[PDB]
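Data block below; observations after.
Note on naming: letters A, B, ... go to the chains in the order of the sequence lines (proteins, then strands), and numbering restarts at 1 for each one. Counting convention: from 1, in listed order, for ligands and their atoms alike.
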Amino acid sequence: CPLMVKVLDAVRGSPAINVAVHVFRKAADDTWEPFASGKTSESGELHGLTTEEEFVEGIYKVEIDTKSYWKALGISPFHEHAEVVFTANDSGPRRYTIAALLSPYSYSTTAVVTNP
Amino acid sequence: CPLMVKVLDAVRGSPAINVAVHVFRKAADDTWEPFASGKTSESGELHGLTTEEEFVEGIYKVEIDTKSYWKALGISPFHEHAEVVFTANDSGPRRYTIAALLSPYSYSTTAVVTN
Amino acid sequence: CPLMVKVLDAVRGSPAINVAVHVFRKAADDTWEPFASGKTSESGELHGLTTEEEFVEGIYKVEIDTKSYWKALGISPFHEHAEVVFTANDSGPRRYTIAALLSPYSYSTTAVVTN
Amino acid sequence: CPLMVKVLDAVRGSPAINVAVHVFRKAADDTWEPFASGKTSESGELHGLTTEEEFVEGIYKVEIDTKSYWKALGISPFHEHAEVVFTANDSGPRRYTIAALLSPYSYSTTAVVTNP
Ligand SMILES: COc1cc(C(=O)c2ccc(C)cc2)cc([N+](=O)[O-])c1O
Ligand SMILES: COc1cc(C(=O)c2ccc(C)cc2)cc([N+](=O)[O-])c1O
């Protein structure tokens, strides 16, 4: 599993469950092509987005649907979504965890990149 | 000044100076229309982006060119840029500060919205 | 003003107003000696804590009374308080801003140190 | 394992390995009594600090030795250590993960609290 997304809720001190995530990859014509999508589990984690074969070098955008998350909980937040945009696999295959910590008016994101 | 952007460097403990910032407004066709731009000052702040007259309700994107900032310091960063996407609302308070705190493999953003 | 403390609320997107802040200096016997204190203003800022003459090199602790802040808002928080412990150094730049960004179960802190 | 500590490095995009952690508990006389200590593993995690029986209700301080971490890597950081101070188990036993994200002049900490 070369791309994993983990989301935490800083208000409740819990995993952020059922957060929708959409991943895009920049195509040859410079548009954002849909690449993979899913939702976080009870642990706040989203596994199984892609495969080693499919996750080639490119520029990827991970869009974490934070507004949809807060509004499903009945809260009006500030951001539409969090966007994490990065070049992947340009020195060979790596494993990427994109972690996000959410509050209604703030979020932080970090990447943990490992070499198998 | 209804919109201000402030950028900070978590590695050196300093304002992030001379960082390019581009603001876009979402158009009716869902594309991003250039709206305003500038570079952060010696304080890490970018003032004067827009006016109350121009800054109507809608969805805006603030793009912060973090990659060039880190590379000009000789540091290899993870992200292409940082993006902050939000709705401007007239029911809320009138002044928006979008603050960003930068590290090579991480960034955070908060909104401080006041009258 | 060699030391300023700024506190922000990540839940409401606002300055954190009327937050108690206590600063201590580490004494020769390793205890914490009261040094300065105050409450954040309407801007979330606390100015005037000390002077260049009083703020000598050494280890300081800034304690931010986050628990009372959240409870006054009717919110149950995780931490007793936030603590920031650091060394003041004359080799560095002269002005220290300790900024804190608060959520009920999380907080972050950065130092912005400038001339 | 009712108390776990996880530390990440925001400069390198990696777990923060070999970070020393000291846990204290406020005693009846209001002093900080040493409670447990350890160091983060190759995954950035520290398991095995305490037991369900030993981890009674109280006020705990988790001291993450961030300066020692950065100085062992040859970097001069701003903070002496990160301190996370919280009441535990006052509504019955819970499981606590204290997560920290480190940069030389900044850190963030979050708690993930679950009910077995
Ligand atoms: C990256 O892995 C994790 C991160 C965190 C964080 O709290 C967090 C902090 C800052 C950011 C930006 C993101 C995550 C907590 C858990 N955990 O409870 O297992 C993790 O596994
Ligand atoms: C030095 O002056 C400021 C510092 C910062 C921060 O350090 C901050 C932390 C987390 C984040 C995400 C952003 C910035 C914030 C504001 N501000 O918001 O007004 C300041 O005016």
Below 4.5 Å, heavy atoms only, C-beta onward: do [X] and [Y] meet side chain to side chain?
X: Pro15(D); Y: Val112(A); value: yes
X: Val23(D); Y: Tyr60(D); value: yes
X: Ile98(A); Y: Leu3(A); value: yes

**Report entry** Proximal ligand 1 atoms for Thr109(A), defined as those under 4.0 Å from one of its heavy atoms
**Finding:** 12 (C)
**Report entry** Under 3.5 Å side-chain donor-acceptor pair for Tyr105(A) and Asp9(C)
**Finding:** no
Tell me the protein heavy atom at minimum distance from [atom], and give that distance in Å.
atom: atom 12 (C) of ligand 1; value: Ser108(A) OG, 2.9 Å
atom: atom 1 (C) of ligand 2; value: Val112(C) CG2, 3.6 Å
atom: atom 7 (O) of ligand 2; value: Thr110(C) CG2, 2.9 Å

Report task. Could you tell me whether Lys6(D) and ligand 1 have an N or O pair separated by under 3.5 Å? Result ->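 Between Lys6(D) and ligand 1, an N or O pair is found under 3.5 Å apart.
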Report task. Please work out which of the three classes, parallel, tilted or perpendicular, describes the rings of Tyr96(D) and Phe55(D), given edges at 30° and 60°. Result -> perpendicular
Query - Proximity winner for atom 6 (C) of ligand 1, if only heavy atoms of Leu8(A), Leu101(A), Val7(A) are counted - result: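 The option holding the nearest heavy atom is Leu8(A).
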**Report entry** Any donor-acceptor N/O pair, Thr40(B) side chain to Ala16(B) backbone, under 3.5 Å
**Finding:**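 Yes; judged by distance alone, with no hydrogens or angles, the pair exists.
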Query raised in the report: What part of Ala99(A), side chain, backbone, both or neither, has a heavy atom within less than 4.0 angstrom of ligand 1?
Result: both
